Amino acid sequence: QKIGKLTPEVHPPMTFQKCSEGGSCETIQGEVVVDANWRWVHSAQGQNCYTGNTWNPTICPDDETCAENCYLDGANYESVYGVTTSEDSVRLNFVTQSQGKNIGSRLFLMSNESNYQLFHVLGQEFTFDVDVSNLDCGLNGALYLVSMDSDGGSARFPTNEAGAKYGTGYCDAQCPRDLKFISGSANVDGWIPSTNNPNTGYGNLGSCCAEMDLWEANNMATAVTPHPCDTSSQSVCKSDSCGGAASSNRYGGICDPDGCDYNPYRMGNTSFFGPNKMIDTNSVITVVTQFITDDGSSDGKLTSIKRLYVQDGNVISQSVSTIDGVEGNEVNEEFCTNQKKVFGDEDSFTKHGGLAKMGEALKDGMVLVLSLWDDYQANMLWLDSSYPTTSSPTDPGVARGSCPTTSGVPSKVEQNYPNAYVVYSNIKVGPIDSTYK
């Protein structure tokens, strides 16, 4: 993609920490940018190349014809995207009405005005605060990590003039093919619109990389879920060999679309997480995620992922599983293989290399992604309700949270909770036990 400057591209700033020593963690001046797929992509003078769920064929009859003609512009962060930042905090609003309707956002955390901050968390801990008290069911405030190129994949593909500064180069473990630009190219060929999402279609190119979902949550539920791939770093896949949750053939690619997920509710403890629960979603939460390596080293093999929360002067560790026979409260090889078995779920995790392969991704730095969105594909029922709905709520793995099966319908959540928002803050990356104090 080429760059247009009808509106200047000004990143909202946000500080985070690196705890090199203990221990009074020291600041760093980051800045956040929005995924380019949320941006306006217009001709020279001056119409849209892409509208809703499709490309304009007079401007874009193919990848290069399209890419030659199309420009990516600045984002009005507060006005159109409901995105604002202050000190060490960032706010994402669900529905924003300007002169046009926007829904959610996906943001990336930079060091500079040209580079995504890479986080090397292996043998470390990543810690953050978050406010999910304003979210509700059918909504997902995700904070996660993906093996994106630090420069947005501008070096590796010459046709990408925009780079990280304009939020380019996204990938995750779904090998999404709804991205407008992938590996420099415009993703025009074989475009089909999605059957029920008006903001999305699917092209021949998908964008694959390892993804560690530290946090996918609303006030009714949460889940931490590593997704390894065969090729960890950015890779292009083609057509349905991309796999991903977004197709029928989700297990047909190089990435794990399902993950080894830990949902406190799904592992049987339904009093642990919710409004007025042990972990109170009406109050701010500190969430701690430690990545234990083979020999306690930032270059060792990843053996387990641990979860502590800090709320009201209580370091509370992750609720223990209560399902026979899935013991413990931490995602490790033992846990994941058992989890997948007792729940009759396809163990794509182990097939795509389990924790060892995730370790490889984390070893190379990863890019932090902050997002808010609703779910045309599955109505967020897999996060916060009974799933699949056909199944029995009493069968193990089925119940993920309290929400009714009738929740999560995109346009019903957009009418009921358009003003929902998530606030992430207080980001820190330092040695184990050296962030939460």
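Throughout, we count residues from 1 along the sequence that is shown.
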**Complete:** Per the PDB entry, mean CA B-factor is higher for 337 to 345 or 157 to 165, namely for 157 to 165
**Prompt:** Got a sec? Mean C-alpha B-factor, which is higher, 223 to 231 or 120 to 128?
**Reply:** 120 to 128
**Asked** What's the residue among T350, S133, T270, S297 with the greatest CA temperature factor in the PDB record?
**Response** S297
**Selection from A420, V423, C19, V413 [criterion: highest C-alpha temperature factor in the record]** = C19
**Request:** Ordered by C-alpha B-factor within the chain, which third holds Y71? Give me lowest, middle or highest, please.
**Result:** highest
**Request:** Tell me, lowest, middle or highest third: where does the Cα B factor of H42 rank within its chain?
**Result:** highest
**Message:** Where does the C-alpha B-factor of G30 rank in its chain, lowest, middle or highest third?
**Reply:** highest
**Complete:** For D151, the third of its chain by CA B-factor is the highest
**Request:** Would you mind ranking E64 by its C-alpha B-factor against the rest of the chain and naming the third, lowest, middle or highest?
**Result:** highest
